[PDB]
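J.: Contents of run-v1.txt (compact mmCIF, C-alpha atoms):
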# COMPACT_ATOMS: atom_id res chain seq x y z
CA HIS Z 1 -20.54 -49.73 0.55
CA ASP Z 2 -20.49 -46.51 2.57
CA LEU Z 3 -21.31 -43.22 0.87
CA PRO Z 4 -19.38 -40.10 1.97
CA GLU Z 5 -21.07 -37.05 3.48
CA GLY Z 6 -20.83 -33.74 1.65
CA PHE Z 7 -19.33 -32.15 4.75
CA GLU Z 8 -16.14 -34.22 4.36
CA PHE Z 9 -15.11 -32.21 1.28
CA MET Z 10 -15.11 -28.93 3.26
CA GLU Z 11 -11.91 -28.65 5.31
CA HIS Z 12 -12.62 -25.15 6.69
CA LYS Z 13 -14.21 -26.43 9.88
CA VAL Z 14 -15.57 -24.49 12.86
CA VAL Z 15 -13.18 -23.96 15.77
CA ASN Z 16 -15.07 -24.33 19.06
CA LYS Z 17 -13.20 -23.33 22.21
CA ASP Z 18 -13.13 -25.75 25.13
CA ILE Z 19 -14.85 -24.96 28.42
CA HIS Z 20 -11.84 -25.32 30.76
CA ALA Z 21 -9.24 -23.32 28.86
CA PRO Z 22 -7.41 -20.02 29.40
CA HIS Z 23 -8.85 -16.80 28.02
CA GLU Z 24 -7.26 -14.87 25.16
CA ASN Z 25 -7.56 -11.17 24.33
CA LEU Z 26 -8.45 -10.80 20.65
CA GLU Z 27 -8.11 -7.61 18.60
CA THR Z 28 -9.86 -8.81 15.41
CA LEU Z 29 -12.99 -10.81 14.56
CA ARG Z 30 -13.01 -13.35 11.74
CA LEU Z 31 -16.14 -12.56 9.72
CA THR Z 32 -17.64 -14.93 7.15
CA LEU Z 33 -20.45 -13.32 5.13
CA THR Z 34 -22.35 -15.68 2.85
CA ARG Z 35 -25.19 -15.44 0.33
CA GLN Z 36 -26.72 -18.53 -1.31
CA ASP Z 37 -23.72 -20.82 -0.88
CA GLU Z 38 -21.41 -17.97 -1.89
CA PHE Z 39 -19.19 -15.85 0.35
CA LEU Z 40 -18.30 -12.18 -0.04
CA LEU Z 41 -15.76 -12.26 2.81
CA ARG Z 42 -13.57 -15.23 3.76
CA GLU Z 43 -12.62 -15.14 7.45
CA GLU Z 44 -11.89 -11.45 7.07
CA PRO Z 45 -10.42 -9.77 10.18
CA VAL Z 46 -12.67 -6.84 11.12
CA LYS Z 47 -12.93 -4.59 14.15
CA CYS Z 48 -16.67 -5.05 14.66
CA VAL Z 49 -19.91 -6.03 12.93
CA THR Z 50 -23.37 -4.57 13.60
CA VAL Z 51 -26.29 -6.88 12.76
CA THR Z 52 -30.00 -6.16 13.23
CA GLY Z 53 -31.61 -9.22 14.82
CA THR Z 54 -35.25 -9.84 15.61
CA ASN Z 55 -35.08 -8.62 19.22
CA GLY Z 56 -32.80 -5.71 18.34
CA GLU Z 57 -29.42 -4.56 17.13
CA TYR Z 58 -26.29 -6.50 18.10
CA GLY Z 59 -22.79 -5.05 18.07
CA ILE Z 60 -20.37 -7.97 17.80
CA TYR Z 61 -16.75 -7.39 18.85
CA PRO Z 62 -13.97 -9.97 19.32
CA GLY Z 63 -14.67 -12.38 22.17
CA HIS Z 64 -18.47 -12.15 22.02
CA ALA Z 65 -20.33 -14.96 23.76
CA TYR Z 66 -21.50 -17.94 21.73
CA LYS Z 67 -24.90 -17.10 20.30
CA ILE Z 68 -27.38 -17.67 17.47
CA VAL Z 69 -29.24 -14.69 15.97
CA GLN Z 70 -32.22 -14.83 13.60
CA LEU Z 71 -31.73 -11.85 11.30
CA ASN Z 72 -34.46 -9.63 9.89
CA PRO Z 73 -34.48 -7.57 6.68
CA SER Z 74 -32.04 -4.82 7.60
CA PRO Z 75 -28.63 -3.19 7.08
CA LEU Z 76 -25.44 -4.89 8.24
CA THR Z 77 -22.35 -2.83 9.05
CA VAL Z 78 -18.73 -4.01 9.07
CA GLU Z 79 -16.05 -1.74 10.54
CA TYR Z 80 -12.42 -2.69 9.99
CA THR Z 81 -9.54 -2.00 12.36
CA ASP Z 82 -8.22 0.46 9.77
CA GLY Z 83 -11.28 2.68 10.20
CA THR Z 84 -13.27 1.80 7.08
CA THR Z 85 -16.99 1.03 7.14
CA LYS Z 86 -18.71 -1.30 4.65
CA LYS Z 87 -22.51 -1.49 4.67
CA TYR Z 88 -24.62 -4.29 3.19
CA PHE Z 89 -28.34 -4.96 3.33
CA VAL Z 90 -29.76 -8.41 4.06
CA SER Z 91 -33.22 -9.88 3.54
CA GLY Z 92 -32.97 -12.66 6.12
CA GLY Z 93 -30.93 -15.49 7.53
CA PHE Z 94 -28.88 -16.36 10.58
CA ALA Z 95 -25.75 -15.19 12.39
CA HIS Z 96 -23.66 -17.64 14.41
CA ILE Z 97 -21.26 -16.02 16.89
CA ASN Z 98 -18.48 -18.10 18.45
CA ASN Z 99 -16.53 -17.25 21.60
CA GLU Z 100 -13.32 -18.18 19.72
CA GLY Z 101 -13.53 -14.97 17.65
CA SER Z 102 -15.61 -15.85 14.59
CA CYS Z 103 -18.92 -14.64 13.18
CA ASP Z 104 -20.61 -16.52 10.32
CA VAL Z 105 -23.45 -14.50 8.80
CA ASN Z 106 -25.36 -16.70 6.34
CA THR Z 107 -28.03 -14.68 4.52
CA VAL Z 108 -30.44 -15.57 1.73
CA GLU Z 109 -29.51 -12.32 -0.02
CA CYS Z 110 -26.84 -9.79 0.98
CA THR Z 111 -26.42 -6.85 -1.41
CA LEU Z 112 -24.56 -3.56 -1.15
CA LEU Z 113 -26.66 -0.67 0.13
CA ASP Z 114 -25.35 1.36 -2.82
CA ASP Z 115 -26.86 -1.11 -5.30
CA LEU Z 116 -30.29 -0.24 -3.89
CA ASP Z 117 -32.23 2.78 -5.15
CA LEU Z 118 -34.75 5.10 -3.51
CA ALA Z 119 -37.38 5.91 -6.15
CA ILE Z 120 -37.74 2.20 -6.96
CA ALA Z 121 -38.50 1.46 -3.31
CA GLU Z 122 -41.01 4.33 -3.14
CA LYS Z 123 -42.95 3.19 -6.21
CA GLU Z 124 -42.94 -0.44 -5.08
CA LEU Z 125 -44.18 0.67 -1.66
CA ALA Z 126 -47.03 2.62 -3.27
CA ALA Z 127 -47.98 -0.38 -5.42
CA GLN Z 128 -47.97 -2.69 -2.40
CA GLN Z 129 -50.10 -0.24 -0.42
CA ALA Z 130 -52.59 -0.07 -3.30
CA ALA Z 131 -52.68 -3.87 -3.58
CA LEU Z 132 -53.13 -4.29 0.19
CA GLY Z 133 -56.68 -2.94 0.01
CA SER Z 134 -57.41 -5.35 -2.84
CA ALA Z 135 -55.82 -8.30 -1.02
CA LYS Z 136 -57.58 -11.51 -2.02
CA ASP Z 137 -57.60 -12.92 1.52
CA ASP Z 138 -55.72 -12.79 4.82
CA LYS Z 139 -52.66 -14.53 3.40
CA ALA Z 140 -52.30 -11.92 0.65
CA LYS Z 141 -52.57 -9.18 3.28
CA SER Z 142 -49.78 -10.77 5.34
CA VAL Z 143 -47.57 -11.18 2.27
CA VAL Z 144 -48.11 -7.55 1.26
CA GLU Z 145 -47.35 -6.49 4.83
CA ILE Z 146 -44.09 -8.46 4.68
CA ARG Z 147 -43.12 -6.75 1.42
CA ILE Z 148 -44.08 -3.33 2.78
CA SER Z 149 -41.99 -3.90 5.90
CA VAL Z 150 -38.98 -4.88 3.78
CA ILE Z 151 -39.35 -1.79 1.60
CA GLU Z 152 -39.75 0.48 4.62
CA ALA Z 153 -36.59 -0.96 6.16
CA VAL Z 154 -34.72 -0.40 2.89
CA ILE Z 155 -35.93 3.20 2.68
CA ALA Z 156 -35.00 3.88 6.31
CA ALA Z 157 -31.53 2.43 5.74
CA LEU Z 158 -31.06 4.63 2.67
CA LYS Z 159 -32.28 7.79 4.39
CA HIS Z 160 -30.13 7.23 7.49
CA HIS Z 161 -27.07 7.77 5.28
CA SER K 1 -45.33 -11.00 12.34
CA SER K 2 -48.89 -11.79 11.25
CA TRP K 3 -47.91 -14.30 8.55
CA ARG K 4 -47.20 -17.10 11.03
CA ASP K 5 -50.83 -17.16 12.20
CA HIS K 6 -51.91 -17.82 8.60
CA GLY K 7 -49.67 -20.89 8.26
CA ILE K 8 -47.07 -19.28 5.99
CA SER K 9 -43.74 -20.96 6.65
CA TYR K 10 -40.38 -19.27 7.25
CA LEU K 11 -38.90 -20.28 3.89
CA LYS K 12 -41.72 -18.61 1.97
CA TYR K 13 -41.18 -15.50 4.09
CA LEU K 14 -37.50 -15.53 3.10
CA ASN K 15 -38.39 -15.92 -0.58
CA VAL K 16 -40.81 -12.98 -0.40
CA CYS K 17 -38.21 -10.83 1.35
CA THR K 18 -35.56 -11.65 -1.26
CA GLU K 19 -37.94 -10.95 -4.14
CA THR K 20 -38.85 -7.56 -2.67
CA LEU K 21 -35.18 -6.77 -2.06
CA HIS K 22 -34.36 -7.61 -5.68
CA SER K 23 -37.27 -5.44 -6.85
CA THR K 24 -35.70 -2.57 -4.88
CA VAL K 25 -32.37 -2.94 -6.70
CA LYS K 26 -31.12 -0.43 -9.26
CA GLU K 27 -31.88 -1.02 -12.93
CA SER K 28 -28.32 -2.00 -13.84
CA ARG K 29 -27.63 -4.61 -11.17
CA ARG K 30 -31.11 -6.18 -11.15
CA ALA K 31 -30.29 -8.15 -14.30
CA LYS K 32 -27.99 -10.30 -12.16
CA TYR K 33 -30.00 -10.34 -8.93
CA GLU K 34 -33.31 -11.17 -10.61
CA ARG K 35 -31.75 -14.46 -11.78
CA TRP K 36 -31.66 -15.60 -8.13
CA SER K 37 -35.42 -15.25 -7.54
CA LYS K 38 -37.24 -16.10 -10.78
CA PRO K 39 -39.23 -19.33 -10.23
CA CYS K 40 -38.40 -21.95 -12.85
CA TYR K 41 -39.20 -25.14 -10.92
CA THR K 42 -42.23 -27.43 -11.21
CA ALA K 43 -43.48 -30.73 -9.81
CA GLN K 44 -44.49 -33.50 -12.21
CA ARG K 45 -45.54 -37.15 -12.15
CA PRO K 46 -45.67 -39.42 -15.23
CA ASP K 47 -49.17 -40.71 -15.91
CA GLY K 48 -50.23 -43.71 -17.98
CA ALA K 49 -50.77 -41.68 -21.15
CA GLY K 50 -47.34 -40.08 -20.74
CA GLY K 51 -48.62 -36.64 -19.79
CA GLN K 52 -46.66 -34.96 -17.00
CA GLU K 53 -49.35 -34.46 -14.38
CA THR K 54 -48.42 -31.29 -12.51
CA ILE K 55 -48.69 -31.29 -8.73
CA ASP K 56 -50.11 -28.55 -6.50
CA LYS K 57 -48.50 -29.62 -3.22
CA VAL K 58 -46.54 -26.37 -2.87
CA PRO K 59 -47.10 -23.00 -4.59
CA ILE K 60 -44.37 -21.89 -6.97
CA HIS K 61 -44.94 -18.12 -7.12
CA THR K 62 -45.14 -15.77 -4.15
CA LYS K 63 -48.54 -14.38 -5.15
CA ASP K 64 -49.94 -17.91 -4.78
CA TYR K 65 -48.89 -18.09 -1.11
CA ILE Q 1 -34.83 -8.49 60.61
CA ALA Q 2 -31.37 -8.35 59.03
CA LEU Q 3 -31.65 -12.08 58.35
CA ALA Q 4 -34.54 -11.31 55.99
CA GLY Q 5 -32.03 -9.76 53.60
CA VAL Q 6 -29.61 -12.64 54.20
CA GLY Q 7 -31.76 -15.71 53.60
CA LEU Q 8 -33.34 -14.12 50.55
CA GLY Q 9 -29.86 -13.39 49.21
CA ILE Q 10 -28.90 -17.05 49.58
CA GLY Q 11 -31.97 -18.02 47.58
CA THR Q 12 -31.03 -15.56 44.84
CA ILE Q 13 -27.60 -17.19 44.51
CA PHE Q 14 -28.99 -20.72 44.31
CA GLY Q 15 -31.69 -19.49 41.95
CA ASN Q 16 -29.13 -18.26 39.45
CA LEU Q 17 -27.03 -21.37 40.10
CA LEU Q 18 -29.75 -23.68 38.77
CA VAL Q 19 -30.15 -21.55 35.64
CA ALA Q 20 -26.39 -21.67 35.05
CA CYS Q 21 -26.31 -25.43 35.62
CA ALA Q 22 -29.06 -25.67 32.99
CA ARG Q 23 -26.99 -23.99 30.25
CA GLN Q 24 -23.54 -25.24 31.32
CA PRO Q 25 -23.98 -28.74 32.78
CA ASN Q 26 -20.27 -29.52 32.31
CA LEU Q 27 -19.23 -26.57 34.52
CA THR Q 28 -21.28 -27.53 37.57
CA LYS Q 29 -18.43 -27.97 40.07
CA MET Q 30 -17.08 -24.43 39.75
CA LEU Q 31 -20.57 -22.94 39.94
CA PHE Q 32 -21.36 -24.97 43.06
CA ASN Q 33 -18.10 -23.91 44.71
CA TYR Q 34 -18.78 -20.24 43.96
CA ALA Q 35 -22.34 -20.60 45.26
CA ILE Q 36 -21.00 -22.05 48.52
CA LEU Q 37 -18.53 -19.17 48.72
CA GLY Q 38 -21.32 -16.63 48.32
CA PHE Q 39 -23.46 -18.40 50.92
CA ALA Q 40 -20.63 -18.30 53.46
CA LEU Q 41 -20.01 -14.61 52.75
CA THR Q 42 -23.68 -13.84 53.39
CA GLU Q 43 -23.67 -16.07 56.47
CA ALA Q 44 -20.87 -13.87 57.80
CA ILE Q 45 -23.28 -10.94 57.78
CA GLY Q 46 -25.96 -13.15 59.32
CA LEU Q 47 -23.62 -14.09 62.16
CA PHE Q 48 -22.72 -10.44 62.77
CA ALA Q 49 -26.41 -9.61 63.15
CA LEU Q 50 -26.94 -12.70 65.31
CA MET Q 51 -24.06 -11.67 67.57
CA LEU Q 52 -25.58 -8.21 68.05
CA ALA Q 53 -28.95 -9.80 68.83
CA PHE Q 54 -27.40 -12.13 71.41
CA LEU Q 55 -25.49 -9.25 73.01
CA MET Q 56 -28.75 -7.29 73.32
CA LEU Q 57 -30.73 -10.35 74.50
CA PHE Q 58 -28.30 -11.88 77.02
CA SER Q 59 -27.09 -8.51 78.33
CA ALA F 1 -40.50 -39.21 7.91
CA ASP F 2 -37.55 -40.58 9.87
CA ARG F 3 -35.03 -38.80 7.64
CA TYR F 4 -34.53 -37.04 4.30
CA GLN F 5 -31.46 -38.36 2.46
CA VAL F 6 -30.19 -36.16 -0.39
CA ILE F 7 -27.86 -37.89 -2.86
CA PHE F 8 -25.88 -35.68 -5.24
CA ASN F 9 -22.58 -35.42 -7.11
CA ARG F 10 -19.57 -33.63 -5.61
CA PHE F 11 -17.25 -32.06 -8.21
CA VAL F 12 -13.82 -32.63 -6.69
CA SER F 13 -11.96 -31.68 -9.88
CA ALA F 14 -12.49 -31.45 -13.63
CA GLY F 15 -12.23 -35.24 -13.90
CA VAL F 16 -13.45 -36.38 -10.46
CA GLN F 17 -17.17 -36.39 -9.62
CA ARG F 18 -17.90 -38.48 -6.53
CA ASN F 19 -21.27 -39.22 -4.92
CA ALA F 20 -22.09 -37.40 -1.68
CA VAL F 21 -24.94 -37.63 0.82
CA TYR F 22 -26.69 -35.15 3.11
CA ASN F 23 -28.79 -36.70 5.87
CA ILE F 24 -31.58 -34.58 7.36
CA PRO F 25 -33.23 -36.32 10.33
CA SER F 26 -36.67 -35.53 11.69
CA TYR F 27 -37.16 -32.58 14.02
CA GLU F 28 -37.82 -34.89 16.97
CA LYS F 29 -34.68 -36.99 16.53
CA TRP F 30 -32.60 -33.86 15.92
CA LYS F 31 -33.98 -32.33 19.12
CA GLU F 32 -33.17 -35.48 21.10
CA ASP F 33 -29.60 -35.60 19.78
CA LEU F 34 -29.16 -31.87 20.41
CA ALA F 35 -30.33 -32.22 24.01
CA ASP F 36 -28.02 -35.19 24.58
CA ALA F 37 -25.07 -33.23 23.20
CA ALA F 38 -25.90 -30.19 25.34
CA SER F 39 -26.26 -32.19 28.57
CA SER F 40 -23.91 -35.16 28.27
CA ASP F 41 -20.14 -34.84 27.92
CA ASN F 42 -20.49 -36.82 24.68
CA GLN F 43 -20.61 -34.84 21.44
CA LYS F 44 -18.16 -32.42 23.04
CA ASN F 45 -17.73 -30.59 19.71
CA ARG F 46 -21.43 -29.62 19.58
CA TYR F 47 -21.81 -28.83 23.29
CA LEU F 48 -21.67 -25.05 22.86
CA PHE F 49 -23.80 -25.18 19.71
CA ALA F 50 -26.54 -27.29 21.30
CA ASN F 51 -26.63 -25.15 24.45
Kindly present the structure from the file in structure tokens form.
T.:
Amino acid sequence: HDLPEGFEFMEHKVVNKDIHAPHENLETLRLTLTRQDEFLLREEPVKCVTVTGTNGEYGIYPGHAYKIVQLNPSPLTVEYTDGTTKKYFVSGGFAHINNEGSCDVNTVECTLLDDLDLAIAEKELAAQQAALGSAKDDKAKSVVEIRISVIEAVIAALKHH
Amino acid sequence: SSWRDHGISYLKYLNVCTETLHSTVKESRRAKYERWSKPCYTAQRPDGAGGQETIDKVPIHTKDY
Amino acid sequence: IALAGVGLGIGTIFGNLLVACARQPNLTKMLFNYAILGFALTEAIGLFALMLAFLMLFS
Amino acid sequence: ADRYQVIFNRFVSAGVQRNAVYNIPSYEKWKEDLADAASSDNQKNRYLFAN
């Protein structure tokens, strides 16, 4: 009796480059954008991806050093080698960058910036501001601040372009 | 930012962010997106009488955080 | 006084070396070799300054 | 808790539903294993990830 492990059914493993190996010049980055155990892009070759981390923005191009990034509610840009830009907006998650030329961006929610609307964000922001004064306790204030920050980021992303 | 000092965990922060993001979605698409944030989960234990005693270990809604 | 900028430099190298050896333990040999190389290169400058000092002290 | 074992059903195909397991060790044990992988040559596949 030996139960399997759910990772055995997934054959698309992660390719980690060895320390003492020759370098390779890459022209494309394999992106893997995921939302709630669902991918929008499957190892798509792209020219670059811009992700807003906690410390600041990161522009990931092929060959970027191995790194882990804790995302914040913000836009995410993907520019293909053709010259086409695709912009999403994420609410949180992580981004794993591999020196072998892969970037796995696993977000709790990743939705097109077009799907978002402006007036809805404005009214929700006003409601949250009104409720902040009437916050039951400190925890409610922090939660309302979180929501207000998310809405402000959404509005800034929309107004930028 | 200030939510960590109050004991709020990271997962609850993610849930709040997603709920706000869904609330910011257009009218048409929200019908789909809202299905990924509506709480429909509860904790229960069977008592002697058969009633499903509901637990309060973790809040279900975001306003209860 | 030139040696003040030499010895300090050596420290800098070894400083960084430790940090590197902390985040790449399996690549210690190459880092140590490069650190020795840098130390010798700085010691070259140190010996130039020492030679000038000896020329001005013993003549 | 030493670990958190999740037991579920994996849907291989329309007529095949096996039983699969996810093991989630405690933060302390995970940290120890991660440090061992980062330092020691063992767990060579997680070396970069742990570091």
J.: When you look at residue 44 in chain K with a cut-off of 8 Å (counting only C-alpha atoms), what residues show up, excluding the ones that are within fewer than 5 positions of it in the same chain? I need them as a PyMOL selection string.
T.: chain K and resi 52-55
J.: Would you write out those residues with C-alpha atoms, as a compact mmCIF listing (two decimals), in the frame of the given file?
T.:
# COMPACT_ATOMS: atom_id res chain seq x y z
CA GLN K 52 -46.66 -34.96 -17.00
CA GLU K 53 -49.35 -34.46 -14.38
CA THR K 54 -48.42 -31.29 -12.51
CA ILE K 55 -48.69 -31.29 -8.73
J.: Quick one: which residues from chain F are at most 9 Å off chain Z, using only C-alpha atoms, as a list in words?
T.: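 Output check: residues 8, 10, 12, 18, 19, 20, 21, 22, 23, 44, 45, 46, 48 and 49 of chain F.
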J.: Dump as a list in words the residues of chain Q that approach chain Z to within 10 Å, counting only C-alpha atoms.
T.: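 Filtering chain Q at 10 Å from chain Z with only C-alpha atoms gives residues 24, 26 and 27 of chain Q.
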J.: Pick out the closest residue to chain K from this set: Z:123, Z:42, Z:86, Z:161. Count only C-alpha atoms.
T.: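 Selected residue with least distance to chain K: Z:123.
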J.: Quick check: residues of chain F within 9 Å of chain Q, all atoms listed in the file, returned as number ranges by chain.
T.: F: 38-41, 47-48, 51
J.: Of the residues K:58, K:32, K:6, K:46, which is the one nearest to chain Z, using all atoms listed in the file?
T.: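 Of all the options, K:6 lies closest to chain Z.
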J.: Neighbours of residue 24 in chain F within 10 Å (all atoms listed in the file; same-chain residues fewer than 2 positions away dropped), as a list in words?
T.: residues 2, 3, 4, 5, 6, 21, 22, 26, 27, 29 and 30 of chain F
J.: Please produce a file of the residues just selected, as a tab-separated table (two decimals), keeping the file's coordinate frame, where the atoms kept are C-alpha atoms.
T.:
chain	number	residue	atom	x	y	z
F	2	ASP	CA	-37.55	-40.58	9.87
F	3	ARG	CA	-35.03	-38.80	7.64
F	4	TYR	CA	-34.53	-37.04	4.30
F	5	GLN	CA	-31.46	-38.36	2.46
F	6	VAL	CA	-30.19	-36.16	-0.39
F	21	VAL	CA	-24.94	-37.63	0.82
F	22	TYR	CA	-26.69	-35.15	3.11
F	26	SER	CA	-36.67	-35.53	11.69
F	27	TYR	CA	-37.16	-32.58	14.02
F	29	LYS	CA	-34.68	-36.99	16.53
F	30	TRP	CA	-32.60	-33.86	15.92
J.: One number please: CA of residue 159 in chain Z to CA of residue 142 in chain Z, in Å, one decimal.
T.: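 It comes out at 25.5 Å.
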J.: Using all atoms listed in the file, which of the listed residues (Z:115, Z:104, Z:2, Z:43) sits closest to chain K?
T.: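 With all atoms listed in the file as the atom set, the closest residue is Z:115.
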J.: Please, which residues of chain K lie no more than 6 Å from chain Z when the count uses all atoms listed in the file, and can they be set out as an MDAnalysis selection string?
T.: chainID K and resid 3 17:18 20 24:26
J.: Identify which of the residues K:21, K:47, K:31, K:63 lies closest to residue 75 in chain Z, counting all atoms listed in the file when measuring atom-to-atom distances.
T.: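 Looking only at the distances to residue 75 in chain Z, the closest residue turns out to be K:21.
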J.: May I have the residues within 12 Å of residue 50 in chain Q as a ChimeraX atom specification, using all atoms listed in the file and disregarding those fewer than 6 positions away in the same chain?
T.: /Q:1-3,6,43-44,56-58
J.: In Å, with one decimal, what is the gap from CA of residue 78 in chain Z to CA of residue 34 in chain Z?
T.: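 About the pair CA of residue 78 in chain Z and CA of residue 34 in chain Z: they are 13.7 Å apart.
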